[PDB]
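Residue numbers (the authors' numbering), protein chains in the order written: chain I, 6 to 115; chain G, 253 to 322; chain H, 3 to 114; chain K, 6 to 114. Where a beta carbon is used, it is the ideal one built from N, C-alpha and C, also for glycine. What follows is a set of notes on a single structure, which appears directly below.
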Amino acid sequence: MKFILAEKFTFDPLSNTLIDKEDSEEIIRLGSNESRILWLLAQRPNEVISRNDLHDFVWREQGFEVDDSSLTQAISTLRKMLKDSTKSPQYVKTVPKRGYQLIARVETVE
Amino acid sequence: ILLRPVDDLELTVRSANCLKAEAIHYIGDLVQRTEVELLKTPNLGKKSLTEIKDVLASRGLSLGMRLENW
Amino acid sequence: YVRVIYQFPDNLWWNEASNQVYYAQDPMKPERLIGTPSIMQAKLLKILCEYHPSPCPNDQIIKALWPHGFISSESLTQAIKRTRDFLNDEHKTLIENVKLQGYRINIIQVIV
Amino acid sequence: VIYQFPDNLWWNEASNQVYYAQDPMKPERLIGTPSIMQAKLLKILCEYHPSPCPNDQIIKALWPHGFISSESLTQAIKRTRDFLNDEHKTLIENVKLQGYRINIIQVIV
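Structure, rendered in structure tokens:
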């Protein structure tokens, strides 16, 4: 099932591709970790998910354990490549002591 | 003046009706009734404690009196 | 729970559990909330409710509002005045002054 | 459960965030997400609705094992109303010596 974010971006959890409607010619390439994080965020529309729970769901299924700086770096790359605002709540933000939040709308293509 | 009822203190209605509830009827209680305990009582602030101490000072008395038997 | 709700003329409602008084802009629909009384307004209301329909003498009203207080009758008069004011009783029908016998509260029904 | 507040405000338990909407479940004019203590305070005030909420209940529900200095009670319920933008002190009411209450318009379950 393909998902649409904020009526602008399109992404699929199965092939890890990003398409911007403003520039449909340029496909945006994302890493597996950040793509899985964004898909986990999209699976729970617009409510807080824990850093601990999201981290353990993303990386223990991978079979290997990493430190918590990895999640922060992955989110930094996600915000940078999506060209989301540096600290304003436009698409993805961080809620301290509670976890991570998404603002972009969810539109399932199929 | 340790021989007068508190009602003779020419106290205002508020202070008189407040101090009447604490079973304080003679000044001998009030001269050692501590400032803090007097402040804790209902309906008695600093600007009334001031007038209580002023009336006491006019007649020689005051608070903070180490004392004797009854 | 032993819940007691008092209905007063002009469809006034006083809920004892929530301690809330409200106008009914329908038979019993709460939408126009006069508010929450203080801890003597509620006490005097409880006194006049507990002695209904008999008038309550002023001495017992004072002894219940001020159990250990040498409080003048002026405070009684103005407490009644403010309770009637905050109940919007300008016509002196809610808390009636029984002439030379004390006070009564006009209450239609009790809902349990 | 969706609680409606004056000025068309909504606090959601089907989600975990506050907003200014005319549509209950639609995220219109988002305020954000209250903190842990703020969310607990909002839940307590909404549960004690329509009754006033005692101060001791709030302090022993927010801080079960904390020696509260008796003044965090007011800073907390000042910034909580600020985060809900209660500039007129109408969204949350204080009835003196009885407690606090929060003005809830309707409950959606």
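Contact check, residue i vs residue j under 8 Å by CB: the rounded distance?
i	j	result
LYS45/K	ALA66/K	7 Å
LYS102/I	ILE82/K	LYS102/I to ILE82/K, Cβ: 19 Å. No contact.
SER20/H	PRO69/K	Going by Cβ atoms, the distance from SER20/H to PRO69/K rounds to 25 Å, so no, they are not a contact pair.
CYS58/H	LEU47/H	About 11 Å; that fails the 8 Å criterion.
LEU43/I	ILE54/I	Not really, about 12 Å apart at Cβ, beyond 8 Å.
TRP15/K	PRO29/K	6 Å
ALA109/I	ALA11/I	4 Å
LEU107/I	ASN57/I	About 18 Å; that fails the 8 Å criterion.
Helix, strand or coil, according to DSSP, for residue i in the structure here?
i	result
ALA19/H	coil
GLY280/G	helix
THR77/I	helix
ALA26/H	strand
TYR53/K	helix
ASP91/H	coil
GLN103/K	coil
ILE33/I	strand
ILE108/I	coil
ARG34/H	strand
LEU291/G	helix
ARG318/G	coil
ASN38/I	helix
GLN67/I	coil
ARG49/I	coil
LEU43/I	helix
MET42/K	helix
I'd like the span of the alpha helix (DSSP H) that includes residue i, first residue to last.
i	result
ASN60/H	60-67
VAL63/I	56-64
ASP87/H	75-88
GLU303/G	298-310
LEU271/G	265-271
Could you spell out the range, first to last residue, of the beta strand (DSSP E) harbouring residue i?
i	result
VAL111/I	111-113
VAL100/I	97-100
For a cutoff of 8 Å on Cβ pairs, would you count residue i as touching chain A?
i	result
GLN22/H	Although the question refers to chain A, the structure presented lacks it and instead comprises the protein chains I, G, H and K.
Tell me, which residues are paired with residue i by DSSP?
i	result
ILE113/H	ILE7/H
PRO257/G	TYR278/G
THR15/I	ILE9/I, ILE24/I
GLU98/K	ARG106/K
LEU14/K	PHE10/K, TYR25/K
Just to confirm, does residue i get its C-beta within under 7 Å of one of the non-hydrogen atoms of the ligand MG?
i	result
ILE49/H	Ligands displayed in this structure: none; no statement on the ligand MG is therefore possible.
For the region 89-111 of chain H, enumerate the residues whose C-beta is nearer than 9 Å to any C-beta of chain G, in chain order. From the region 89-111 of chain H, no residue has a Cβ closer than 9 Å to chain G.
Counting only Cβ-Cβ distances shorter than 8 Å, please list the residues of the region 27-47 of chain K near chain I, keeping chain order. Sequence-ordered contacts of the region 27-47 of chain K with chain I read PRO32, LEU35, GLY37, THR38, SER40, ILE41 [C-beta pairs closer than 8 Å].
Counting only Cβ-Cβ distances shorter than 8 Å, please list the residues of the region 51-78 of chain I near chain K, keeping chain order. For the region 51-78 of chain I, the beta-carbon criterion of a distance under 8 Å to any beta-carbon of chain K is satisfied by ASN51, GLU52, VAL53.
Anything in the region 58-78 of chain H with a Cβ closer than 8 Å to a Cβ of chain K? List those residues in chain order, please. Cβ contacts with chain K come from no residue of the region 58-78 of chain H.
Beta carbons nearer than 9 Å to chain H: which residues of the region 265-278 of chain G have them? Listed in sequence order: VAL265, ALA268, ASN269, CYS270, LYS272, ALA273.
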